[PDB]
Amino acid sequence: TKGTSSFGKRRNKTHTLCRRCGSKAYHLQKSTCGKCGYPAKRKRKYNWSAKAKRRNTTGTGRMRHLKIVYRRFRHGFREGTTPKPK
Amino acid sequence: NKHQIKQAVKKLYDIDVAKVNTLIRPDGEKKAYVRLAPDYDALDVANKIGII
Amino acid sequence: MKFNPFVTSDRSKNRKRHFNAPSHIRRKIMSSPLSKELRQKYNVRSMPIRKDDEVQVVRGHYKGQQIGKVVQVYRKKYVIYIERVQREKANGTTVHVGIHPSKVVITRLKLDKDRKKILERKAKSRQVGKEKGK
Amino acid sequence: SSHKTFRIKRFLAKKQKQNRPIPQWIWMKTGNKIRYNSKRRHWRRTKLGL
Amino acid sequence: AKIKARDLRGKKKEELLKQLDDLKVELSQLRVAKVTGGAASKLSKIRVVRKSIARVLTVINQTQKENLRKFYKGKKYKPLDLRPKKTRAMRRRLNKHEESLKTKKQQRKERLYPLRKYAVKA
Amino acid sequence: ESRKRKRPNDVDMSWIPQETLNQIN
RNA sequence: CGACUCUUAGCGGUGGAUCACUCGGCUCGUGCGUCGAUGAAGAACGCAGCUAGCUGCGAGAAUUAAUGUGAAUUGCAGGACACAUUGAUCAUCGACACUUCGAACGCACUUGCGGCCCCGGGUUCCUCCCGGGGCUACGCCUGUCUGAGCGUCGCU
RNA sequence: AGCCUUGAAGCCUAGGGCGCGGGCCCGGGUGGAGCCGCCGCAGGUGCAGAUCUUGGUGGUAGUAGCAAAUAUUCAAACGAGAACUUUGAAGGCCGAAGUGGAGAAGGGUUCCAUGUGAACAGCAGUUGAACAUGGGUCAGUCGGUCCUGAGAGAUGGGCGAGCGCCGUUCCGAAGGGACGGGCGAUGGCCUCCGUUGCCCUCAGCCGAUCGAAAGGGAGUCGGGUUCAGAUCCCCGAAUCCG
RNA sequence: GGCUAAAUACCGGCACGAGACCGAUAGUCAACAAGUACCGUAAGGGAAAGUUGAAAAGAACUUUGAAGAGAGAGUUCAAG
RNA sequence: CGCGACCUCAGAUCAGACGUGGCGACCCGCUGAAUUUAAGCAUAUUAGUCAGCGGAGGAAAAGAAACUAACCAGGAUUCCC
Ligand SMILES: [Mg+2]
Ligand SMILES: [Mg+2]
Ligand SMILES: [Mg+2]
Ligand SMILES: [Mg+2]
Ligand SMILES: [Mg+2]
Ligand SMILES: [Mg+2]
Ligand SMILES: [Mg+2]
Ligand SMILES: [Mg+2]
Ligand SMILES: [Mg+2]
Ligand SMILES: [Mg+2]
Ligand SMILES: [Mg+2]
Ligand SMILES: [Mg+2]
Ligand SMILES: [Mg+2]
Ligand SMILES: [Mg+2]
Ligand SMILES: [Mg+2]
Ligand SMILES: [Mg+2]
Ligand SMILES: [Mg+2]
Ligand SMILES: [Mg+2]
Ligand SMILES: [Mg+2]
Ligand SMILES: [Mg+2]
Ligand SMILES: [Mg+2]
Ligand SMILES: [Mg+2]
Ligand SMILES: [Mg+2]
Ligand SMILES: [Mg+2]
Ligand SMILES: [Mg+2]
Ligand SMILES: [Mg+2]
Ligand SMILES: [Mg+2]
Ligand SMILES: [Mg+2]
Ligand SMILES: [Mg+2]
Ligand SMILES: [Mg+2]
Ligand SMILES: [Mg+2]
Ligand SMILES: [Mg+2]
Ligand SMILES: [Mg+2]
Ligand SMILES: [Mg+2]
Ligand SMILES: [Mg+2]
Ligand SMILES: [Mg+2]
Ligand SMILES: [Mg+2]
Ligand SMILES: [Mg+2]
Ligand SMILES: [Mg+2]
Ligand SMILES: [Mg+2]
Ligand SMILES: [Zn+2]
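Residue numbers (the authors' numbering), protein chains in the order written: chain j, 2 to 87; chain X, 105 to 156; chain Y, 1 to 134; chain l, 2 to 51; chain h, 2 to 123; chain 5, 230 to 237, 249 to 265.
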């Protein structure tokens, strides 16, 4: 009874959504994410998984602010100016 | 919240509110059941709002 | 031969930039030659096709001497629609056929303030090169 | 369950709205390739995990 | 009768806000028409009035900020949003004056023994 | 007339938010 | 006879090999070599007239302003007293804007509780209730203010 | 000064031939846009196997099988179509430790109405938890929210190359509060009461914070009402807290 | 006790150019709504999938059938 | 007792600043194996390498001799032969 009969007894969720990385790896009892290490300040990252790093590295998401720096960089980060009005 | 909704409905349509009930729908929208004061006829007010 | 180090002749790079060209670039791509009369008058060879120009179809099934007005510049499909350049569907309704701008000749230009400004600049540049050879 | 959190009830709602067929005019777009919503879900065949 | 941002530039704050309210009322009346069988003309008007509202709010924010900048111009301490953004590292550099500083020992050395211009015969 | 039309430096203290004003008062 | 079976061929199926194509890879080289408490990377949730995904954007939400451009966008519809100095569209991008979480910051992570100041509506100055706005995290340096010591002293 | 839209590659061929052979040429057919000879260069260069990899297809084979829990029948209706749907009538079963009426965990729209009968529901279906289009969850009083439990966990401190770990009162100047009293400053229903700042006085708690939809924890019941919600909506009658 | 450019490094980034390279079981896992669908409590694992036509001209209308499906007809150089 | 200097040490939502996290191809400081070779294996090798931790910049580190030499002497660091 270590198989089919036991699989019916499982109705208690070990993990839930993590509020930092949004993955269902937040261990409820330990209060820790098995994916990103929250609540640890530093992000959980290891070099024995390159595939894991490229799933959640810079550029895999929105790049909300970085991709505007890339635009501003090409004009020397000019500020407080406008093109000569018509 | 129910206070803000009551203040909004009154100001927008110049009507009076008796109570506000609210539920959040399964699709994530909040529905307000705004009961007007007895001297306000909701069917009349609906015509003003264009609902009917 | 091309010598500019920053201009690619790579086949795939050039095709990706043709089929993903933004609208204001597709306009320049969608240019047409001018009739021999217009060419002589304005000293210009080609113009970016525009709505309300009148053109002749010089290649394909609908070629002929019929001058028709351009009724739609469908830039997404890289075609223009012309008066009477059309056919019927199964249910008998009429539908325009898309001619490429490079396969027509502009016989009358829809002129306005900006078209004239465009026309003068092209001739001014042409005349400069003319006096470079001389 | 009936006892729900706001965060869970909200995540469920987004899954509810994504679960619909495509507009039929999408078929008539110029370069369109999509034939159907290939990301459909059934509450019984495949589970959300949360 | 389109809301062009050029027509709003000079207007006063209370005037523009009044203009904003008309547009907010006009939109909520349209949102009603969306679900009660409004004509296709009225459905297309929604985007026209959503962007009109955004045009008004842009001019209100720009006019307010242009005047705030005039207000803090000479002030030593300006609110953070009025300070140059650039990048975080670019804001921690030695400024132009501090980089140009030299010690008197180095200033004397450059005066006494400046680099010269010379040539060596072939 | 419809055709005729259709064919062609100092701070403003009113625009300062009311909060900033009180702080200088 | 004839069924059935075998072989070959024509035609038809099943299947998707081959060939041709290539808005994708891979490798080399070059220029630059730029994130974040002024809130990054990442995540969540929203935003389209009809829109699920991809894509873009943030309640000003498939974008505002400005500049260049110069007549479209387009699957269908529509045209705001939209469209030629009353500028469609696209590009650019310096102005403005940028929901929730996140180093993530009032305390906690359930949209749970506060506190301080200002403002507005309730009534009717105070209270009280409601709403809005601004603050309220750790360490650390310079200075400030307020203190402690049977620490070392001086005058009383 | 090769071939090719007067038809390339590819593919098919009881067509004609060449070579010991590896192979190749020509005829016919299909196809629709590129290919080949010679001299040299280069190689990810030749498949029958590896219980080889991936994909496709056989015989087996219309075969095993569609047999756990007693059971169906008659008439009518819709409908192209009925053993299976619906209504009526029979005969049966679960037999209040139920095949009944409700919940917790889990599911997440499966709920309700209408429509379809393509795919799915290992026969069928006019039917469905399928598909399609639209709806539906309303609270001071029912829970959460608060308490603390086993425990988890900051700061002080200790350790630690370091991300950090230990630790929970232990090496801590750990109270931001107050009746009242004295001073000023401000107010208003300026009478006198408030507010605010300072000073005097008084203060164990001694451990931040988290930790239970079954523990502790004030206070809502009756009648009606929907396709689907009701101790939540409506009618009525109460109550706790501030 | 201390500072110091250049020549040097650069499989991440932004923007480019090329190749005796691969050519959809190849080449990146990813030519495409791919780190997607999907699996696992989780750390992680992780595909398949390109091609009508020059142009949608994407087959009106008639007829059998409940329909799927057919027979005629029509477009196209070709639906062989 | 009181007042006042200094010293040491505390509390502030005190005025103004600054650090945190990410990326990590290249760079710097640590920590650091075992598969493997030795036809066995323990030193050795693998290897100061993988994995682990920290810190950067457009480069980093290094760098103007407590050097090399032993010559008739050279003359910071870094890179190539
Ligand atoms: Mg457990
Ligand atoms: Mg030319
Ligand atoms: Mg199941
Ligand atoms: Mg000196
Ligand atoms: Mg959407
Ligand atoms: Mg604009
Ligand atoms: Mg413009
Ligand atoms: Mg809780
Ligand atoms: Mg044969
Ligand atoms: Mg072709
Ligand atoms: Mg090869
Ligand atoms: Mg083989
Ligand atoms: Mg049988
Ligand atoms: Mg029941
Ligand atoms: Mg039951
Ligand atoms: Mg069946
Ligand atoms: Mg049902
Ligand atoms: Mg009640
Ligand atoms: Mg608690
Ligand atoms: Mg601890
Ligand atoms: Mg409880
Ligand atoms: Mg140094
Ligand atoms: Mg393939
Ligand atoms: Mg593939
Ligand atoms: Mg592949
Ligand atoms: Mg294949
Ligand atoms: Mg192949
Ligand atoms: Mg193929
Ligand atoms: Mg053919
Ligand atoms: Mg301060
Ligand atoms: Mg050995
Ligand atoms: Mg051996
Ligand atoms: Mg051994
Ligand atoms: Mg070694
Ligand atoms: Mg390493
Ligand atoms: Mg690190
Ligand atoms: Mg760092
Ligand atoms: Mg940097
Ligand atoms: Mg250095
Ligand atoms: Mg040297
Ligand atoms: Zn996480």
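The beta carbon of each residue, even a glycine, is placed where N, CA and C say it ideally should be.
- The beta carbons of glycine 132 (chain X) and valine 33 (chain h) sit no closer together than 9 Å.
- Residue-level contact by beta carbon fails for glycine 132 (chain X) and chain h, as no gap is shorter than 9 Å.
- Per DSSP, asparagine 125 (chain X) lies in no alpha helix (DSSP H); the unbroken beta strand (DSSP E) holding it starts and ends at 121-128.
- Here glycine 38 (chain j) carries a coil assignment [DSSP, helix/strand/coil].
- The CB of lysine 5 (chain l) never comes closer than 8 Å to any CB in chain X; the least such distance is about 10 Å.
- For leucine 67 (chain j), the enclosing alpha helix (DSSP H) stretches over residues 67-74.
- Judged by beta-carbon spacing, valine 57 (chain Y) lies beyond the 9 Å limit of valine 79 (chain Y), meaning their Cβ atoms are not closer than that value.
- Spatial neighbours of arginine 115 (chain Y) in its own chain (CB-CB distance under 7 Å, excluding positions within 5 residues in sequence) are listed in chain order as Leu109.
- In the DSSP assignment, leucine 58 (chain h) falls within the alpha helix (DSSP H) that extends over 41-72.
- The shortest C-alpha to C-alpha distance from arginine 129 (chain X) to any of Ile35 (chain l), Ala14 (chain l) and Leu49 (chain l) is the one to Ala14 (chain l).
- Residue environment for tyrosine 81 (chain Y): buried (at least 16 other C-beta atoms within 10 angstroms of its C-beta).
- Classified as exposed, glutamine 66 (chain Y) has fewer than 16 neighbouring CB atoms from the shown chains inside 10 Å of its CB.
- Here the segment 41-50 of chain h lies against the segment 17-31 of chain h, with 3 or more beta-carbon pairs under 8 Å apart.
- DSSP places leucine 29 (chain j) outside both helix and strand once states are collapsed to three, so it counts as coil.
- In this structure, the alpha-carbon of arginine 36 (chain l) lies about 23 Å from that of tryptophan 44 (chain l).
- In this structure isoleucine 106 (chain Y) touches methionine 47 (chain Y) by the C-beta definition: roughly 6 Å separates them, less than 8 Å.
- Taking 9 Å as the cut-off, the Cβ atoms of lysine 110 (chain X) and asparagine 125 (chain X) do not count as close.
- The Cβ-Cβ distance between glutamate 54 (chain Y) and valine 44 (chain Y) does not fall below 9 Å.
- Contact between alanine 122 (chain X) and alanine 146 (chain X) fails: their C-beta atoms lie close to 10 Å from each other, not under 8 Å.
- Straight through space, the alpha carbons of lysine 132 (chain Y) and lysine 87 (chain j) are spaced by roughly 34 Å.
- In this structure, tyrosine 42 (chain Y) and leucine 119 (chain Y) form a Cβ contact; the two beta carbons are roughly 5 Å apart against a cut-off of 8 Å.
- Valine 128 (chain Y) is not a Cβ neighbour of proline 101 (chain Y), given a cutoff of 9 Å.
- Boundaries of the beta strand (DSSP E) harbouring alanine 136 (chain X): 134-140, taken from the DSSP string.
- Taking a contact to require three or more Cβ pairs closer than 8 Å, the segment 60-69 of chain h and the segment 10-23 of chain h qualify as touching.
- Chain-order list of chain j residues neighbouring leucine 51 (chain l): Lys14, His16, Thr17, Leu18 and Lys25, by C-beta distance under 9 Å.
- Under the DSSP assignment, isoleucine 82 (chain Y) falls in the beta strand (DSSP E) whose first and last residues are 79-82.
- With a cutoff of 9 Å on beta-carbon distance, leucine 49 (chain l) and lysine 16 (chain l) are scored as near each other.
- Here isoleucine 25 (chain Y) is exposed. Its C-beta has fewer than 16 other C-beta atoms within 10 Å.
- Residues of the segment 47-72 of chain h whose Cβ lies closer than 7 Å to any Cβ of chain 5, in chain order: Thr64, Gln65, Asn68, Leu69, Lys71 and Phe72.
- In this structure, DSSP gives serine 102 (chain Y) a helical state, which the three-state scheme calls helix.
- Here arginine 21 (chain l) has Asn38 as same chain residues with Cβ atoms under 8 Å from its own Cβ, once five neighbours each way along the sequence are excluded.
- Note that the C-beta distance between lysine 10 (chain j) and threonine 17 (chain j) is not below 9 Å.
- Within chain X, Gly132 have C-beta atoms less than 8 Å from the C-beta of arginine 11 (chain l), given in sequence order.
- Residue pairing by DSSP puts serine 32 (chain Y) in a beta bridge opposite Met47 (chain Y).
- Using a CB distance cut-off of 9 Å, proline 85 (chain h) counts as an interface residue toward chain j.
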